[PDB]
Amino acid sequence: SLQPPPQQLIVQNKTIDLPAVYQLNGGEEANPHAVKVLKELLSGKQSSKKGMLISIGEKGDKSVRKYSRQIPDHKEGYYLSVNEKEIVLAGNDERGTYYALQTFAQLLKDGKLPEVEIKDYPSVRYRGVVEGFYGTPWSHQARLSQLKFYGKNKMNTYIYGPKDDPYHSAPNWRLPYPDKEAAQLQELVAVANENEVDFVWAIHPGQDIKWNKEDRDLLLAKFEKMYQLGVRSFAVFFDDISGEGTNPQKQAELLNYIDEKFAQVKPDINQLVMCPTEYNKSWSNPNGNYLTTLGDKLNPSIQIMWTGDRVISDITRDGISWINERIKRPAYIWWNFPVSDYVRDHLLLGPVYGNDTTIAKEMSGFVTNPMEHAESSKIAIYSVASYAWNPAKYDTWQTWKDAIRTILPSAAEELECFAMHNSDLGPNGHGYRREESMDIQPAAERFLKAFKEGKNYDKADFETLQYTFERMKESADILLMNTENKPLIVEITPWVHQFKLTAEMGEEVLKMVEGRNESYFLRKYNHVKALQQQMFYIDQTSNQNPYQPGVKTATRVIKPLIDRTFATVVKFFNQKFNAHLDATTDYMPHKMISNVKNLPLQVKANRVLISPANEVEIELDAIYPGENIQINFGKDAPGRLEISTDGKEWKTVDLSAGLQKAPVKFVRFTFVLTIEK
């Protein structure tokens, strides 16, 4: 499956052997990076002049002057041809030639090419990735892998802007990178150039920028240092700030100053891009005039970024129309997927979909803001590349499958399995959701409704569920030990562990359903409980970031199914045997029996908290030093806070409330406790 799919393709049923003897036409004049890919692919082959002609060059070269009528007249376009007589690789420009070779390399199979003619070019001028997230910035090694990936998928744009790089954002945006980091960025730029990617260095100065000479000069001096490191494209971001830095006239004046004194003075600056403060429609205040002020004042060559109708949204026709009218140019899309920096306990490994496929003329650019997990982001990045290049032929599902097969050929089916059940975000403040476990979600829902009602579940539904849990176990175990993409496996391992437990738990719960004696049922019940404890353990020891710590997997369909099935079948056992098995579905070492009630406790880092729900005594599992207690809202009944180690003698605590390291085991109140580790 050629990816991205070319604009125009005609294939003949005819194999052509990659020629034992070739004559290279235009090797000396075509894009050096293209030529280098070609020599690699023709290794162990006789170059001679008693050989099949290989014509490579850009439009204007002598080597390809025959084919000027065939070469699309678009930036980054190319003509490619293979037949028994000769091979032609002719870009409209140097990048076009490089892109002909990326398609060519995909056509090569066993040492044999199809007889084919291709005319190709992108529908969107700028295509790629913005490293624009909160969290651990991508490692240097990850970035070098990214750039190679982008070259292979004809993404021409990489915008460097990790929110948490102190030399990118406030206050050290003012400071040059130190030597080590600088040397690394120099390397990134060279590798980007070799892979035909524009390295766009962004700066994020808005939270503390002063609209004076001194800060304008420092910004320009920083840009100058980046230029000395090889950077030839630049961005200024004003996203997620408050204060004077949000002033549109000042932002526009700054960017036009950079444009006229820097970008237009240098011989060789490409992209100049800004991210507005109102970067989506929901954040745009119609009582003011912010967007129309940028649109009217910002020089027109400068790009203006946009995430859609909301912070996290997919791009529609009416949406891009709405923004474009206001900024008086086509928006450069900043698509906030698969970025997971607000749901950091989930991986987002599903297909890329929802963006209108007919609106390519209406965008200046399209870039994705990915997860801090670089390798795992390649599923979405690969797909965005395909979409951006040829949106008219964008095939959501096939592209996803092709991405996975590219990233992990040794275990693509195992990755598909893992990815299909790790795609939803779960509940979040943005309300953005993705499908998950779509394949099995009707059989899951029929089974559970029937089981609950005391009707006979369809056998086939039961078996689908069994198969699913089995496949999940196989996929988890295989993925853990795969050495083809070690950095991918490092990224996902905690979730792979949790995923395997989820599957084991599912199996044991199905045996509880099927179970036909008391003793066997009890063994399975005990096992489920222990598995819940293992999941808690992984949730408390992996991915312990400050915002959404821990590891959630298969959340949309499968964990609910298992939980509700367990709860239900425990209820039926208890009725049947007049027993009192606990039907809780998540392990909790602490207890909270209490008035006013059914809310689970959660542990997050060194906090113990009552689940907030939409419409009071905690006992911990030990004595710990207390830090504080914070409480909020949601309540009718007309309250008095205390603390204890034995739940006999109680110290009242005032009110937020500090605990001053006093020993705590019990908290009472007729909601979060922090304790010391």
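Start at 1 with the first residue shown and count on from there.
K.L.:
Give yes or no for this: do at least a third of the other compared entries, each modelling residues before and after residue 597, lack coordinates for it?
P.N.:
yes, residue 597 frequently unmodelled elsewhere, at least a third of entries.
K.L.:
In a third or more of the other entries compared, is residue 48 missing its coordinates?
P.N.:
In at least a third of the comparable entries (those modelling both sides of it), residue 48 has no coordinates.
K.L.:
Between residue 670 and residue 671, determine how many residues of the deposited chain lack coordinates; answer none if the chain runs continuously, otherwise 1 to 3, 4 to 9, or 10 or more.
P.N.:
Unresolved stretch here: 10 or more residues.
K.L.:
None, 1 to 3, 4 to 9, or 10 or more: how many residues of the deposited sequence lack coordinates between residue 638 and residue 639?
P.N.:
According to the record, 1 to 3 deposited residues lack coordinates from residue 638 to residue 639.
K.L.:
Can you let me know which of the two, 314-322 or 201-209, has the higher average C-alpha B-factor in the entry?
P.N.:
Comparing 314-322 with 201-209, the higher average CA B-factor belongs to 314-322.
K.L.:
Can you tell me whether 290-298 has a higher mean C-alpha B factor than 169-177 in this record, or the other way round?
P.N.:
Comparing averages over the C-alpha atoms only gives 290-298.
K.L.:
In the PDB entry, which of 152, 329, 597, 261 has its C-alpha at the highest B-factor?
P.N.:
By C-alpha B-factor in the record, 597 ranks first.
K.L.:
Kindly indicate the residue among 490, 450, 124, 554 with the greatest C-alpha B-factor in the PDB record.
P.N.:
The listed residue with the largest C-alpha B-factor is 450.
K.L.:
Which third of the chain holds residue 335 when residues are ordered by C-alpha B factor: lowest, middle or highest?
P.N.:
Lowest third, going by the recorded CA B-factors of the chain.
K.L.:
Taking the chain's C-alpha temperature factors as the reference, tell me which third residue 255 falls into: lowest, middle or highest.
P.N.:
CA B-factor rank for residue 255: lowest third.
K.L.:
Considering only modelled residues of the same chain, in which third does the CA B-factor of residue 510 rank: lowest, middle or highest?
P.N.:
Its C-alpha B-factor, which the entry lists for residue 510, ranks in the middle third among residues of this chain.
K.L.:
Report the third (lowest, middle or highest) to which the CA temperature factor of residue 114 belongs, ranking only the modelled residues of the same chain.
P.N.:
Highest third of the chain for residue 114's C-alpha B-factor.
K.L.:
Sorting the chain's modelled residues by C-alpha B-factor, tell me whether residue 526 ends up in the lowest, middle or highest third.
P.N.:
Its C-alpha B-factor belongs to the middle third of this chain's values.
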